[PDB]
Amino acid sequence: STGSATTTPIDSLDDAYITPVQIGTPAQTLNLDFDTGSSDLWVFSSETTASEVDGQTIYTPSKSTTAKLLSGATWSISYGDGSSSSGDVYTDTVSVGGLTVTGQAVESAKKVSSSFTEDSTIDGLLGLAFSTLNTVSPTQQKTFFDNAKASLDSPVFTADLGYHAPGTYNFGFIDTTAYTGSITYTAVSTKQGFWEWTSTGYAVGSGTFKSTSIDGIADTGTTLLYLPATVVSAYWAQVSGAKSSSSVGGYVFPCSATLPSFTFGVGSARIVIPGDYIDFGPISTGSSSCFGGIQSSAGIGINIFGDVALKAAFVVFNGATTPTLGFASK
């Protein structure tokens, strides 16, 4: 089997992407944030504290003839940005782009933190990291990909995120028309539950490539590119007036700037992030100070190849017995 679904930016800045997902019978379609950095499929629901729902579409398990309470199961998750959610668990039929999993754990939110409430466009998350990170207790549950994998034509999914435009998540096949040149595959460590890999270096603009190992995670659920302070300083030093602001929370730059590109290495291959991908616009409405899309990972404890990086590539998440990651230009 295969599946193919379009993923759409939630706003004009590509702060996140949403992908429609069919849950239950008859189908209830919710727009979920596909997140290769976590491993829970959770939704706003009829059980979510009413004051914490503000415009999201909810899953109502009582209206699904295939929903079954997973007795005694609870879940609770906290994300890197400080947001969180928790609740109980149903199993139900879940389909993405024509690919159907029966008995998928659908984690129903009883509580969500303010950032979730405040974002009306995201109805929940669909985790695509390794199932070892799943938070369901006392019986850990599998991700949608893990459940689908054996049925897929090939045990892979691909992320093809757009810059200020829709893109595609495919399951079970590689669309050879979706990228240019060849796909370069690179080793993955699953030890921390992530799609963790080591970039071979970077360049800023037309500058020379610096060969240096940068361990980090391919994370579709993180907006920005978080890299070591040395790398980030080298990038922003090429932008007149750019500075790190502790009050704002990162590097900012004059909105009048033209940003240089940023290149990262994948083995001997190179992925070029155009300068415009690194512009996240004014820090506050009407400001001429703009927020940068490359930020320091210092104090995160891990480097994160988020959407800023991934949207410059066609990315293969290869879930074979020994997982790997592939990157192609597009």
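Heads up, residue numbers simply count up from 1 along the chain you see.
Determined via X-ray crystallography, 1.3 Å.
Here the Cβ of each residue, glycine as well, is placed from N, Cα and C on the backbone.
Swiss-Prot lists 17-328 with the feature domain 'Peptidase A1', giving sequence analysis as the kind of evidence.
For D35 (among others), the entry in Swiss-Prot reads active site. The Cβ of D35 (active site) has 21 other Cβ atoms within 10 Å, all protein chains considered.
Positions annotated as active site by Swiss-Prot: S199 (among others). Counting Cβ atoms from all protein chains shown, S199 (active site) has 22 others lying within 10 Å of its own Cβ.
Cβ neighbours within 10 Å of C290 (disulfide bond), excluding its own Cβ and spanning all shown chains: 22. Taken from Swiss-Prot, the feature disulfide bond applies to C255-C290.
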Legend entry - Same-chain residues at least 6 apart in sequence whose Cβ lies under 8 Å from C255 (disulfide bond): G281, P282, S287, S288, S289, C290
Legend entry - Rounded Cα-Cα span from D35 (active site) to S199 (active site), Å: 20
